[PDB]
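Engineer: sequence first, structure after; it's an experimental one.
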Amino acid sequence: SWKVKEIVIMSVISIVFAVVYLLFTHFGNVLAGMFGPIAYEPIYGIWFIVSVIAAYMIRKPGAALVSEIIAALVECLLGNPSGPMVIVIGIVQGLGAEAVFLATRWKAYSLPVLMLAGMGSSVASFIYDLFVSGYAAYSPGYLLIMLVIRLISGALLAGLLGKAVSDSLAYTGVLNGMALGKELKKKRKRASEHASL
Ligand SMILES: Cc1ncc(C[n+]2csc(CCO)c2C)c(N)n1
């Protein structure tokens, strides 16, 4: 059962990373223009990181989905050049990540599950692009290479990097009200019990 503070902290994270998303979107446009779509595939997973952060921190159903929606909304508001369609891909990416936490009953937050969640967004956004972003015009080889790159980027820049960011925050103390903060507390109590006089 969600707490007010969790809903609130999830929003602040979404908002902050909306700014990051927008910066990378600008990069991606320049890259696409110069070298074609494959050029932004390596950084693609950054646009999923909010889902992993919110889920790993809060560990309740809907975190991955809602956090990404809010981040996409705010990125749109801040001036994403593609307008509201970024909110659609945001919804799609959030559903892709959420599906992995659904599949593991919102009880599993090991790195492999976080990476899978990232990859879920990779797959969902790739489906979206085949409908909307002109990907259907490309060859099997090009598409296959881009999907593979996007899958790796989702695993690394959302899953792994998302865990690293979250852990770093947990170490500041600011997540002490959250599941991840509680986990750190438990681990620290365990480690403290090794002290001897
Ligand atoms: C929240 C969010 N913001 C920006 C992107 C970037 N983006 C939207 S569409 C498109 C081209 C088709 O892949 C790219 C690079 C994203 N994926 N998710």
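Structural biologist: Here it is on my side, so go on. Numbers count the residues shown, from 1 in each chain.

Engineer: pull out the buried positions in the longest helix seen in the chain.
Structural biologist: For the chain, the helix that runs over the most residues, judged by DSSP state H, is helix 4-35. Buried residues in helix 4-35, counted by 16 or more other CB atoms under 10 Å: 6, 9-11, 13-15, 17-18, 21-22, 24-25, 28, 31. (Each C-beta comes from the backbone N, C-alpha and C, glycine too.)

Engineer: next secondary structure after it?
Structural biologist: helix 49-58 (DSSP states H and E).

Engineer: which is the next helix or strand following that next one?
Structural biologist: Heading C-terminal from helix 49-58 (DSSP H and E), you reach helix 63-77.

Engineer: tilt between that following helix and helix 49-58?
Structural biologist: Orientation check (axes from the mean of the first three to the mean of the last three CA atoms, to 10 degrees): helix 63-77 against helix 49-58 gives 140 degrees.

Engineer: name the helices or strands packed onto helix 63-77?
Structural biologist: Packing partners of helix 63-77 (3 or more CB pairs under 8 Å, 6 or more residues apart in numbering; DSSP states H and E): helix 4-35, helix 49-58, helix 85-103.

Engineer: how about the residues of the protein by the ligand?
Structural biologist: Residues of the chain lying close to the ligand (CB under 6 Å from any ligand atom) are 21, 25, 28, 40, 47, 71-72, 75, 86, 89-90, 93, 125, 129, 133.

Engineer: coming back round to it: what's the closest of the helices and strands packed on helix 63-77 to residue 158?
Structural biologist: helix 49-58 (4.8 Å; CB to CB).

Engineer: what comes up buried for that closest one?
Structural biologist: Neighbour count says helix 49-58 has 49-58 buried, by 16+ other CB under 10 Å.

Engineer: between the residues you listed, which is nearest the ligand?
Structural biologist: residue 50 (8.0 Å; CB to the nearest ligand atom).

Engineer: so the closest one sits right up against residue 69, yeah?
Structural biologist: No - Residue 50 lies out of contact with residue 69 (CB atoms under 8 Å); the separation is 9.4 Å.

Engineer: leaving out chain neighbours, which residue sits closest to residue 109?
Structural biologist: residue 56 (5.3 Å; CB to CB, 6 or more residues apart in numbering).

Engineer: what's near enough to touch residue 94?
Structural biologist: Counting by CB atoms under 8 Å, 6 or more residues apart in numbering, residue 94 touches 51, 64-69, 72, 121.
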